[PDB]
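Inside the fold
Letter by letter, the chains look like this.
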Amino acid sequence: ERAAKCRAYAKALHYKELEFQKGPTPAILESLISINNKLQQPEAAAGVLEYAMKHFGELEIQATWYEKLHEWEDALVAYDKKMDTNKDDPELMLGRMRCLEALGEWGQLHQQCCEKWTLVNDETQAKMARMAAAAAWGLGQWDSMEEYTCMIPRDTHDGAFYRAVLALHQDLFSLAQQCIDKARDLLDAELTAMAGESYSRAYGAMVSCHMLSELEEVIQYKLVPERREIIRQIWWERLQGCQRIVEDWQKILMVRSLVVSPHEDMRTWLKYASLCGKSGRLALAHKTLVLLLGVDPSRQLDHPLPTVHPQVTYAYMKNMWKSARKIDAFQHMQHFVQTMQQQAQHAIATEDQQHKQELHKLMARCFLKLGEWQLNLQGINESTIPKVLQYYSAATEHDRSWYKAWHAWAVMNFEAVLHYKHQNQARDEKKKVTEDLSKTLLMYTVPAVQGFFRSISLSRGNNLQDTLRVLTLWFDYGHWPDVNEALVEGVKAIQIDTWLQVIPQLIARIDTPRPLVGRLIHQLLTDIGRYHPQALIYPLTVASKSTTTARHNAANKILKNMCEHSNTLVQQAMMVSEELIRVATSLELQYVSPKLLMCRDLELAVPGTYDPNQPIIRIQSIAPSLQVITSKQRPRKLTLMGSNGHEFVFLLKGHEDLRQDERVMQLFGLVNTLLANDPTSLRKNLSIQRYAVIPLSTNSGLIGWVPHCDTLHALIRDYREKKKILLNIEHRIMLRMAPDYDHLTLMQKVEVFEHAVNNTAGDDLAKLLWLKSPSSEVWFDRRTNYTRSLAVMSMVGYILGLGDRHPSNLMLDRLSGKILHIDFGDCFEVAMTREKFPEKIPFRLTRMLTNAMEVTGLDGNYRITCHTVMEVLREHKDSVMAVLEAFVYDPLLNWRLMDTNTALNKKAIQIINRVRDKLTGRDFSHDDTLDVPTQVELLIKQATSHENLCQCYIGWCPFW
Ligand SMILES: Nc1ncnc2c1ncn2[C@@H]1O[C@H](COP(=O)(O)OP(=O)(O)O)[C@@H](O)[C@H]1O
Ligand SMILES: [Mg+2]
Ligand SMILES: [Mg+2]
């Protein structure tokens, strides 16, 4: 019955949205935020309010708008302006207060309550009490609470609750016991009264039911003394676990405040204060901290800080940094660290070793901020370089383990190198020059290498960035002994696994002209041969049949070496990739390649299915028939049978260098991990459907066939033919109007373009996805999926510079809805830079895409998902840049940038800057460093502009 209630909603939402289509009315708009709420789609509904604002300033008072937008801090200052310019107005005061109770502003909420007590209104008098109870509860003042509670009806969930709290202070446990169960039922029955159309009160019912069950443990915490540890554990664990915006946690802790004071909680409140900063309530976090210190909001500003609680101070100081005062913050840190080593070296009389180590760990985490801040305030130059390296090395000492510490040191060292390499390129633009540079670079290079290595070993699983960074220093440094020793030392130390991530990069340099570099690679690859042969054969096989002599030569030496322990695997894989190149409306295997029909029960793993952790699935049998996909390149629909039993379908492409597609699928892999690790992105299932890419030569290669998918172009062509609509009708429309369309001025083009849109249906996609759906909660979910997955690939695609996104280059999963990108030819601006028909667009946000989303589309799920995704990216911009750098400066893959014709070092540099700009918000204006939502808005604007879409090559179907 539960999953049966949402179906009626989903269906009515469809007609409700189809109604909005016919005419946007505040009547519908109301019934829309409601139904999107019962359907527990908070953001899609938030979108409906965004539209409600930008079209109807009619529910009026910009303070009521900020209040509905849960921007309480904005609505408060808007209500002051609305009260100081107006009068008393009983309504304006209620809001002025609701802001205060949301903000945890008990001081002002209690003052505003008492100092204004004429309140001739009885409803004003009734609401008043609910709030002034919580305000009094926060301020301690329990006499004020019971006064205001004795005004709250015992018929309300609120009235029944506040008694349970007053009983718990006055130690009336049986009273408190019953009041909870009665408040539960007054809330349970209230969740049926407004059964659907409520605020974040359905999600705040969780906040009240959470607190009530917590208040039943605060009950457990009064007479019979056994569970103090058990209760504090569940309190602590279901807090790191729990995730609820500031406001709720205030109240949640206020329940825990009835028993455990902040001074005993300590870690509990610091974790809370930590969130208040990270969310953006510094004024609140400060007060939390001032309380824990038992010392001033440092009103004595010139004075040093209290060392009494080392952790609290560190918190205060990092809050001070994220706050305004940050030369002041830095300063307090230099001194704090100095006070801390003294309080260690001296105060530690052996019998204190736990305190010693935690004091040493806090210090490390202090130094890492010190170096972080020094770089922030000063940048990288001859003065700060040895200072921060000082701070980091010092952090490396006090924690020994800890990824960040070693990582930071490595990067700083690696950027010490870059600083001078780039400073000497500056000099040579206008003998003892190279000698000092040699000593300069060898100075920072070696420790960087060392750092990256001990950083990697502390990262197992997630170390792609650092692993790649090792390879930059490695490959890039035509080897002077010192560097090579550290590299050899690391390779010995670090696990073999590490290197699997990085195999295509290693292979891209088998034929390294530098003598000392080559040797290690070859040796490393051969060890990666002894264990994990499989992750090597396919790529090594390809390399071994290379026109470039030194490649295939060196490639063979390793294959030879691998026969000494895995011969037939090399042998099988040798032949299987040989026959597949030969093969590259149907083809029977018995005519085309008999050796393949011959194959049974091989030990060769099904292309791109090998990974440790997972039982090897091997090619058991190759299906005798391959469909020939009719195209200009006639790809094949090869299909293999697995040693598990499952089938594995592939696309054998003939004249397409699949190596680029590979590094992209790699980049996507990374991006997927990043989104799986940001809480919100994981909360919303944000991902990119990827697929397997197994290059077979420079000509050919295999591609994983994503099941259940049709090109955007397919779904339309079917719908159009079903509904008797001419496939290219917008097209025929344009030419009938303007036979020379392609030659018109921008102004002239826009008209013709607009004409076509105004005389064709923009639903199609939207509409066929409705008919496709077997139900409507399936329909709704498939939409929610589609919307997100697309915004994901919009942002990522932009950073990649992913051009050429026409209706045959993206497709839709007909079972999840999630969108999927294929054909990664045009990467980086490339498509925009071209001579004939330059793409102005950043990513495809065509009309029928916009239209398949919820109405209120771009405001709702899409845009929100856009900054969430873009957010992640800008944070982890270094990892993203490691990958991208790793195939822009890649030797074999530079051929897709000298195509600006139809040395390269200079071009490659730009391409990479261009990406950094995109990840530091300098992608538009040179000088402004635009924040996420702005940049996102700017981009959505750019993707939507008729002036941009009309200029698109007609194939791109800028009207689909
Ligand atoms: N990974 C994939 N999964 C499913 N189908 C695919 C995949 N890659 C390509 N196709 C199909 O092959 C067709 C033509 O190949 P495509 O990749 O578009 O090459 P090109 O860009 O050279 O035409 C596509 O329109 C699509 O139907
Ligand atoms: Mg294509
Ligand atoms: Mg292409």
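Residues numbered from 1 in each chain as written, not as in the entry; some residues may be left out. Chains lettered and ligands numbered in written order. Heavy atoms only, no water.

If you check the header, you'll see the entry was determined by cryo-EM and the resolution is listed as 28 Å.

Another aspect to go through is the overall build of the protein chain. Regarding its fold elements, the protein chain presents 46 helices and 11 strands. Since a compact globule built from 960 residues should have a radius of gyration of about 30 Å, the 32 Å found for the protein chain is in line with a globular shape. Across its three principal axes, the protein chain shows a C-alpha extent of roughly 95 × 85 × 60 Å. Relative to its full complement of 960 residues, the protein chain shows a buried share of 50%. Carbon and sulfur atoms form 51% of the exposed surface of the protein chain, whose accessible area is close to 47000 Å². (Helix = DSSP H or I, 4+ residues; strand = E, 2+ residues; numbered from the N terminus. Rg over C-alpha atoms; globule rule 2.2 N^0.38 Å. Buried < 20%, exposed > 50% of the residue type's maximum accessible area, 1.4 Å probe, protein only. Areas by Shrake-Rupley, 256 points an atom, 1.4 Å probe, with all protein chains shown as cover.)

The strand order across the open sheet built from 3 strands is β9-β10-β11, with neighbouring strands paired in antiparallel fashion. Each edge of the open sheet is held by one strand with a lone partner, namely β9 (709-711) and β11 (819-821). Within this sheet the neighbouring strands show an average axis-to-axis angle of 35°, counted without direction. Sheet topology note: the strand β10 (residues 810-813)/β11 ladder contains 3 bridges and is antiparallel. Its bridge partner lying in β11, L812 is registered against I819. (Pairing = 2+ DSSP bridges. Axes fitted to C-alpha atoms, helices over the stretch in contact; angles between N-to-C directions.)

In the numbering used here, UniProt assigns the "binding site: Mg(2+)" feature to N809 and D823. Structurally, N809 is set in the loop between α39 (777-800) and β10. Judged by relative accessible area, which is 3%, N809 ranks as buried. Aside from chain neighbours lying at most four places away, what touches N809 is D804, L820, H821, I822 and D823. When you line up the elements, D823 lands in the loop between β11 and α40 (830-833). When its relative accessible area of 29% is taken as the criterion, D823 is described as partly exposed. (UniProt positions renumbered as here; feature names shortened; annotations may be inferred. Contact = heavy atoms within 4.5 Å.)

Here helix α45 (residues 932-944) contains 13 residues, and its C-alpha end-to-end distance of 18 Å stays within 8% of the 18 Å for a straight helix at 1.5 Å per residue. Residues of α45 that are buried: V932, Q935, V936, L939, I940, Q942 and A943. For α45, the buried positions fall inside an angular range of 160° around the axis, keeping them on one side. Buried positions along α45 lie against α39, α40, α42 (858-875), α44 (904-919) and α46 (946-949). (Expected span 1.5 Å × (residues − 1). Arc of directions from axis to C-beta.)

We now examine unusual backbone geometry. In the Ramachandran plot, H708 falls in the positive-phi region, its phi being about 65° despite a non-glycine side chain. With respect to the helices and strands, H708 occurs in the loop between β8 (701-704) and β9. Despite not being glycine, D764 shows a phi value in the positive range, around 25°. Mapped onto the secondary structure, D764 falls in the loop between α37 (746-758) and α38 (765-772).

On to the pairing of strand β3 (residues 625-628). Residues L626 and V628 line the buried face of β3, whereas the alternating positions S625 and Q627 sit on a face that is not buried. Alignment of strand β1 (residues 586-588) against β3, held across 3 bridges, turns out to be antiparallel. Note that in β3 the partner of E588 across the bridge is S625.

The next point concerns the nonpolar core. Of all hydrophobic cores here, the largest spans 173 residues; its most connected members are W474, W499, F668 and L800. It is helix α23 (residues 403-427) that provides the largest number of residues to this core, a total of 11 residues. Not counting residues within four places of it along the chain, the set of residues in contact with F668 comprises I688, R690, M793, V796, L800 and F824. Ranked by size, the runner-up nonpolar core spans 76 residues in total, among them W106, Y148, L215 and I219. (Core = buried A, V, L, I, M, F, W, Y, C linked by side-chain atoms within 4.5 Å.)

As assigned here, the protein chain comprises domain 1 (2-267) and domain 2 (600-678 + 692-704). When each unit is reduced to the centre of its C-alpha atoms, the spacing between domain 1 and domain 2 is 53 Å. (Domains from an automatic or database assignment.)

Given a rise of 1.5 Å per residue, 18 residues ought to cover 26 Å, and the 24 Å separating the end C-alpha atoms of α42 matches this to within 8%. Across the 18 residues of α42, 14 count as buried, placing the element largely inside the fold.

This part takes up the packing of aromatic side chains. Overall, the coordinates contain 19 aromatic pairs when judged by the stated rule. On the basis of an interplanar angle of 35° and a centroid distance of 5.9 Å, the ring pair of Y221 and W235 is categorised as tilted. A residue pair is termed long-range when its members are at least 10 positions apart, and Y221 in the loop between α13 (204-219) and α14 (228-240) and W235 in helix α14 qualify at 14 residues. Residue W235 is classed as buried on the basis of its relative accessible area of 3%. Between the NZ or CZ atom of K637 and the centre of the ring of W705, over which it lies, the distance is 3.9 Å. (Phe/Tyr/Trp six-rings, centres within 6.5 Å; stacked < 30°, edge-to-face > 60°. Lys NZ or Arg CZ within 6 Å of the ring centre and 35° of its normal.)

Right, let's get into the site of ligand 1. In the neighbourhood of ligand 1, 14 residues make up the surrounding shell, with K653, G704, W705, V706 and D823 lying closest. Side-chain polar atom of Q633 to an oxygen atom of ligand 1: 3.5 Å apart, as the coordinates give it. Within the backbone of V706, a nitrogen or oxygen atom sits 3.1 Å from a nitrogen atom of ligand 1. Against a free-state accessible area of 550 Å², the protein chains account for coverage of 78% of ligand 1. Across the shell around ligand 1, the residue classes break down as 6 nonpolar, 5 polar and 3 charged. (Near = heavy atom within 4 Å. Polar contact = N/O pair within 3.5 Å; in protein donor to acceptor, adjacent residues only side chain to side chain. Nonpolar A, V, L, I, M, F, W, Y, C, P; charged D, E, K, R; others polar.)

Another aspect to go through is the environment of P707. Mapped onto the fold, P707 is located in the loop between β8 and β9. Owing to a relative accessible area of 43%, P707 belongs among the partly exposed residues under this scheme. Taking C-alpha positions, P707 is 12 Å from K637, a pair spaced 70 residues apart along the chain.

What follows deals with the pattern of salt bridges. Opposite charge on two side chains lets them pair, provided their charged atoms get close. The full count for this structure, using the stated rule, is 44 salt bridges. Here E937 ties to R863 by a salt bridge, and the two come within 2.5 Å at their closest N and O atoms. On the basis of relative accessible area, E937 is assigned to the partly exposed category, the value being 27%. When the shortest N-O distance is used, the salt bridge between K941 and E937 registers 3.2 Å. In this pair, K941 and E937 are both assigned in helix α45, 4 residues apart and thus about one turn of the helix distant. One connected set of salt bridges, linked through shared partners, spans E50, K54, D859, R863, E937 and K941. (Salt bridge = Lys/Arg side-chain N within 4 Å of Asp/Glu carboxyl O.)

This next bit is on the packing of helix α19 (residues 310-322) against helix α20 (residues 326-345). At a minimum axis separation of 8 Å, α19 and α20 run at an interaxial angle of 160°. Taken together, the axes of α19 and α20 are roughly antiparallel relative to one another. Every pair of crossing elements has a handedness; the one defined by α19 and α20 is left-handed. Counting all contacts with α19, which are made through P310, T313, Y314, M317, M320 and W321, the residues of α20 involved are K326, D328, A329, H332, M333, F336, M340 and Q343. Here the residues of the contact of α19 with α20 sort into 9 nonpolar, 3 polar and 2 charged. (Parallel < 35°, antiparallel > 145°, perpendicular 65-115°, else oblique. Left-handed = near helix turned anticlockwise from the far one by under 90°.)

Evaluation of the coordinates by the stated rule reveals 0 disulfides. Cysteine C952 shares no disulfide, and the gap to the nearest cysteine sulfur, in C950, comes to 7.9 Å. By relative accessible area, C952 is classed as buried at 6%. (Disulfide = S-S within 2.5 Å.)

Attention shifts here to the environment of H867. Topologically, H867 is positioned in helix α42. When its relative accessible area of 17% is taken as the criterion, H867 is described as buried. In this structure the C-alpha to C-alpha distance between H867 and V792, which are 75 residues apart in sequence, comes to 9.5 Å. For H867, the contacting residues outside a window of four places in its chain are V932, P933 and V936.

Together, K278, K318, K322, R365 and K404 make up a positively charged patch on the protein surface. Mapped onto the secondary structure, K318 falls in helix α19. A relative accessible area of 33% means that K318 is categorised as partly exposed. (Patch = residues over 30% accessible without salt bridge, like charges linked within 9 Å, V, L, I, M, F, W, Y side chains within 5 Å. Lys, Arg positive; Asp, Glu negative; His and termini not counted. Charge placed at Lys NZ, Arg CZ, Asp CG, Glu CD.)

Remark: a regular strand shows side chains that alternate across the two faces of the sheet. Across 3 bridges, strand β2 (residues 619-622) lies against strand β5 (residues 639-642) in antiparallel orientation. Of the residues in β5, the one forming a bridge with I619 is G642. Of the pairings in the sheet, the one linking β5 to strand β6 (residues 647-653) comprises 3 bridges and is antiparallel in character. Each bridged residue has a counterpart across the sheet, and for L640 the counterpart in β6 is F648.

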